[PDB]
């Protein structure tokens, strides 16, 4: 059986590579559960072949987090993270890291959790039936943050930046978070867009749910 070591440097259309590919069938449990939070978060899952296969693309400022994720998806990620340096329209140097898994049907299982009537979307009940505490940890490390950033502040309220989802979508997400994890939360408008507000009242419950999965370098997002 081919070893990652043997194809991580071959051409994309290489036979040896495709063999290693066929030796893989499905994502392992962590890869799947964490996958939910990442897709809800900063990751990007795409298909270039009408749903035959999907790969996940990653891009983060924090290198530590990037390396944590690549390691989590180890067997699906051939190359180390690539450094991306660009200039804004303000002539400013912004640094980020990029990486991605190769495409594979193993990813269809994750992708599908977000397609209904044939469109990318957030299903009512995604939370209820699939979002595990691990899922929540990654969603938090990705789009989570504090409500009050003022220094010395004592507000424990939390926020999930869901500004790219529809209000109805976030509305469904909130229902699932309340019902499934008894989190005192609700939708709030920001720049005419939806974010999830998690009352400080439930901070400790929220915290105890994701605590096991967050890494040292993400601990700063917590109040």
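Take the two forms, superpose them, and find the largest set of C-alpha atoms that agree within 1.5 Å; that set is the rigid core. Positions refer to the first chain, counted from 1.
Once the structures in 4 other deposited structures of this protein are superposed via the core, the pair 113-121 and 81-89 is resolved in favour of 113-121 as the more displaced stretch (C-alpha RMS). Once the C-alpha B-factors are averaged per stretch, 53-61 and 152-160 rank with 152-160 first. For the pair 85-93 and 70-78, the mean Cα B-factor is higher in 85-93. The entry assigns its greatest Cα B factor, within the set 129, 117, 101, 135, to 117. Looking at the C-alpha B-factors along this chain, the one for residue 26 belongs to the highest third. When the modelled residues of the chain are ordered by C-alpha B-factor, residue 191 sits in the highest third. Residue-level temperature factors show residue 141 in the lowest third of its chain, judged at the C-alpha atom. Residue-level temperature factors show residue 183 in the highest third of its chain, judged at the C-alpha atom.
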